[PDB]
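Heads up, the thing below is written out as C-alpha cells.
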2 protein chains.
Amino acid sequence: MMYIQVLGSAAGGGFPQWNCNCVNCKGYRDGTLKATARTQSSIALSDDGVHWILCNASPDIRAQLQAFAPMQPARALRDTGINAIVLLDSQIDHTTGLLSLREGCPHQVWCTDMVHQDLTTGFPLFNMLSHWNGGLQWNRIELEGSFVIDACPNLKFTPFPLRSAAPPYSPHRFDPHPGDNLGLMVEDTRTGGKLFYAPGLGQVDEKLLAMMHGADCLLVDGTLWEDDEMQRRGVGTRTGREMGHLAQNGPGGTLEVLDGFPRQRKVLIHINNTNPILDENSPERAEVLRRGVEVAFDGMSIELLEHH
Amino acid sequence: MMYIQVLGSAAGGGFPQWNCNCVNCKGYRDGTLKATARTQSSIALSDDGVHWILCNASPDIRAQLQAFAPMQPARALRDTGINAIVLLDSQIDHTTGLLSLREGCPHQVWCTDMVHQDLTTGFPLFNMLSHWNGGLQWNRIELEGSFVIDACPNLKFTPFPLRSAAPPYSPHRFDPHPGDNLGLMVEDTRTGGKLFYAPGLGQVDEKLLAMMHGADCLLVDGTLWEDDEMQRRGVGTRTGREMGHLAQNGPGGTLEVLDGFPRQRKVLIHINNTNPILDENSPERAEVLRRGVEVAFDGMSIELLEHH
Ligand SMILES: [Cu+2]
Ligand SMILES: [Cu+2]
Ligand code: NA
Ligand code: NA
Ligand SMILES: [Zn+2]
Ligand SMILES: [Zn+2]
C-alpha cells in the first residue's frame, strides 16, 4: 500500500489568491460560487501511514501539516511525521515551506544538483538553515536511475526530466539545464503499484506516454482549462506554454491525452485559481467527471493498492 | 481614528506549533484544552480603514489576509489593501511573508539599513523579488526621528531602538548593530492618540517607561509567562533573556511593569505556544484579566480614538 495525501491542490497563489478578484476568487469570497479553498500544491507519500515523504514544501505548509493528523504522531514532546522532503524544482512556491520547518532540523532533502545550486545561491535556503541544528542534509537526485528514501523503504522513486525553466531569481534563469525540473514515478516495490506524478507538465511525447501507460494512477497538471486563461479572466498576460502548463481543453490538451488511458486512475492537481473546474457547478467540471477524471482537493487521500 | 488589526498574535512557530506536543499544543489538538489557534505575530494599521500598513510579513500571511476582509477591497481584477510594509527586524518569522506577495510588486517596504543589509545578503528577499515587476522598494527607517507613509498620512511612526540581536542567518549575527531591532510608537496626528508597539521586549529602562506613559495603548511582548518556560514544558533550552523576551511573571516581569500604567489599554501579543495564558481556563489567564491586561487573539480589532 502506497498512501498519497494531497496537502495542497492549487497552483501558485492558491485559491482564492490573495490579490485576485477574478470570477472564481471573487465568487468564492462573496459566497456566490460553490467552490472549496485550496492551498498551494504539495503531496505526502508513505508506505506505512506513519513515515511520510513530503513532495514540495509549500508556503502554506503550516496549515497543511496541521490539517493532516499523521503529520503529528505525538511520540515525543517534539515530533513530526515528516521523514524527508523531495523537491521537484527550486520555485518559491515549492520550497518556501522549508523555512517554517527550521526548528525541526536536520531534515533530509532530496533535490537535483541544479536545484541545490539555486538553493545555495539565489534563494539560499540551505545556507540559511545551516544555522539551525545542522540544517538541511542534501541528498542528490541523479538525472538517471532511481532512489529509495530509507524511512519508506518500499517506495522506489524514478524521476523523469521535464523541460527546464529555472525560476526568475535563479543565477541560471536564462540558461536552463537538465535537472531544473522533474516529475516522479513512484513504485511500491511490494505490489508494483505505480504513481505517475507530474504537477507541472508542459508537453507530452512518446516516451512520456509510454511511462504513463505503465502506471496505475496519473496525478497530473490541472493548471489551466485554456492556454490563454489568465488573459480571459483579465488577471494576467502569461500563457500556459509560457508557464510550462498544458491546458485541459483543446487539441493536444491533457483531456485529449488522458482519453488514451481508460484503465488508470486520473486526477488533476495544481489547479490555478482561474480554472473553471474549481467551480463545482461549471460545465467544465461536469466534463471532467464525464471523462472519469477527478479534480484534486485539499485533504484528498489516494490509496494505491496494487498494480493493474 | 487609528485602526489596529491583529492578524497574528502568536510567537514564532504559531499555536499550535507544527512539531510541538507540549501541554498546550497537544491539549489543543486533542480537544481537551480551551484555547484558540494563533498565527505568527503581525498587525495592520490604518488611519481610514481602507489603506493599510502591514507591520511584519509573517509566514502565515496568506491565511491572515484572507481572514481580514479589508485586505481585499476588490476595486479591480487585481487589488490589495496592503499599501506598505514596515519591518521591525530581519527575522524569518517577520519577513518570509514578503515572498507570498511577489505577484503584487512593487511594494513599499520600510526597514532600517541593518535589516536591508540582511535582506540583501543572508536572506536576499530584496534581490529575489527584484525579478517580479520592480520588487520591493526600500524606504530607509532612520535611527532618529519619525516617518510618515503617504498612504496613511495621519499616522506618524517614531521607532525606538531595542537591544540588537541579528538573526542566526545574518552576516553580522555575532556583531549586533543599532538598527537590528526596533519597536514603534505610532501617533494619529489628528487626535494625538498613541500606540506603543513592542512585540519583542527584553528589557525596560527609564527612557522606555517615559515613552510608554505618553501612549494610550500598550501592545507588548507576551511571549513567556516565566523566563525558563521552554525548559519547564520540556520543548526547548533557550531562556527568555536568551531570546530577548521579558517574561510576564516575577520580579521585573512585564506584569509588574504594567502595574505602573493603570490608565493605558494593555494588550499582550506575540504569545508563545507554551504560554499558559493561552489556556482560557488557566489561573495565569485569570490573573492577567484581574490586572486589566488583555491577551491578543487573531482577528482582534483595536480602535484608538483619542489621546487620554
Ligand atoms: Cu506551484
Ligand atoms: Cu516572532
Ligand atoms: Na501498493
Ligand atoms: Na486616533
Ligand atoms: Zn482568481
Ligand atoms: Zn507547544
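Letters A, B, ... go to the chains of the C-alpha cells in the order shown; residues in each chain start at 1; ligands are counted from 1 in the same order.
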Q.
Can you tell me which residues surround segment 68-72 of chain B at a distance of at most 9 Å, considering only C-alpha atoms, apart from same-chain residues fewer than 5 positions away, and format the answer as an MDAnalysis selection string?
A. (chainID A and resid 18:21) or (chainID B and resid 5 7 49:52 63 79:82 299)
**Q.** Residue contacts of residue 303 of chain B (10 Å, only C-alpha atoms) excluding same-chain residues fewer than 6 positions away, as an MDAnalysis selection string
**A.** chainID B and resid 1:5 193 217
Q.
List the spatial neighbours of residue 173 of chain B as a VMD selection string - criterion: any atom at most 12 Å away, only C-alpha atoms, same-chain residues fewer than 3 positions off excluded.
A. (chain A and resid 131) or (chain B and resid 90 to 91 114 to 115 117 to 118 122 164 to 170 176 to 177 180)
Using only C-alpha atoms and all ligand atoms, I'd like a table of the residues in chain B that come within 7 Å of ligand 4; for each, show the closest atom pair and its distance in Å rounded to one decimal, ordered by chain and ascending number, as CSV.
residue,atom,partner,partner_atom_place_in_ligand_line,distance
B:1,CA,ligand 4,1 (Na),3.5
B:2,CA,ligand 4,1 (Na),4.7
B:188,CA,ligand 4,1 (Na),4.9
B:190,CA,ligand 4,1 (Na),6.6
B:191,CA,ligand 4,1 (Na),4.9
B:192,CA,ligand 4,1 (Na),6.5
B:193,CA,ligand 4,1 (Na),4.5
B:304,CA,ligand 4,1 (Na),4.9
B:305,CA,ligand 4,1 (Na),4.0
B:306,CA,ligand 4,1 (Na),4.7
Keeping N, CA, C and O atoms, export the residues of the selection given above as an mmCIF file, in the first residue's frame.
data_model
loop_
_atom_site.group_PDB
_atom_site.id
_atom_site.type_symbol
_atom_site.label_atom_id
_atom_site.label_comp_id
_atom_site.auth_asym_id
_atom_site.auth_seq_id
_atom_site.Cartn_x
_atom_site.Cartn_y
_atom_site.Cartn_z
ATOM 1 N N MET B 1 -9.042 58.591 14.134
ATOM 2 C CA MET B 1 -9.144 57.137 14.423
ATOM 3 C C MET B 1 -8.016 56.365 13.815
ATOM 4 O O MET B 1 -7.793 56.441 12.603
ATOM 5 N N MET B 2 -7.313 55.628 14.665
ATOM 6 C CA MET B 2 -6.318 54.668 14.213
ATOM 7 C C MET B 2 -6.907 53.275 14.407
ATOM 8 O O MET B 2 -7.364 52.943 15.514
ATOM 9 N N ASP B 188 -1.705 58.990 15.813
ATOM 10 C CA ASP B 188 -2.663 59.565 14.869
ATOM 11 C C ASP B 188 -2.570 61.062 15.099
ATOM 12 O O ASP B 188 -3.035 61.570 16.130
ATOM 13 N N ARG B 190 -4.118 63.423 14.014
ATOM 14 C CA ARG B 190 -5.376 64.165 14.085
ATOM 15 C C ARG B 190 -5.906 64.285 15.517
ATOM 16 O O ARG B 190 -6.664 65.204 15.834
ATOM 17 N N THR B 191 -5.553 63.326 16.366
ATOM 18 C CA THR B 191 -6.149 63.237 17.699
ATOM 19 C C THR B 191 -5.110 63.173 18.807
ATOM 20 O O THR B 191 -5.446 63.369 19.976
ATOM 21 N N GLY B 192 -3.864 62.852 18.446
ATOM 22 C CA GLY B 192 -2.798 62.644 19.424
ATOM 23 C C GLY B 192 -2.815 61.252 20.035
ATOM 24 O O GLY B 192 -1.993 60.939 20.897
ATOM 25 N N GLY B 193 -3.740 60.405 19.589
ATOM 26 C CA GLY B 193 -3.798 59.032 20.071
ATOM 27 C C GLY B 193 -2.523 58.283 19.722
ATOM 28 O O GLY B 193 -2.051 58.336 18.580
ATOM 29 N N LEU B 304 -8.151 53.126 18.294
ATOM 30 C CA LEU B 304 -7.515 54.103 19.152
ATOM 31 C C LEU B 304 -8.100 55.447 18.729
ATOM 32 O O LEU B 304 -7.822 55.961 17.648
ATOM 33 N N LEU B 305 -8.948 55.980 19.594
ATOM 34 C CA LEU B 305 -9.891 57.027 19.247
ATOM 35 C C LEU B 305 -9.375 58.431 19.521
ATOM 36 O O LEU B 305 -9.668 59.372 18.782
ATOM 37 N N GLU B 306 -8.605 58.568 20.592
ATOM 38 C CA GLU B 306 -8.318 59.883 21.141
ATOM 39 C C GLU B 306 -7.160 59.717 22.108
ATOM 40 O O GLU B 306 -6.836 58.586 22.509
#
Q.
Run DSSP on the backbone and tell me which residues of segment 119-229 of chain A come out as helix (DSSP H, G or I); list them as an NGL selection string.
A. :A and (125-129 or 206-213 or 229)
Q) With only C-alpha atoms as the atoms that count, which of A:101, A:53, A:247, A:204 lies nearest to chain B? A) A:101
Q.
So, with only C-alpha atoms and all ligand atoms as the atoms that count, which of A:264, A:272, A:139, A:203 lies closest to ligand 1?
A.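 Comparing A:264, A:272, A:139, A:203 against ligand 1, the winner is A:272.
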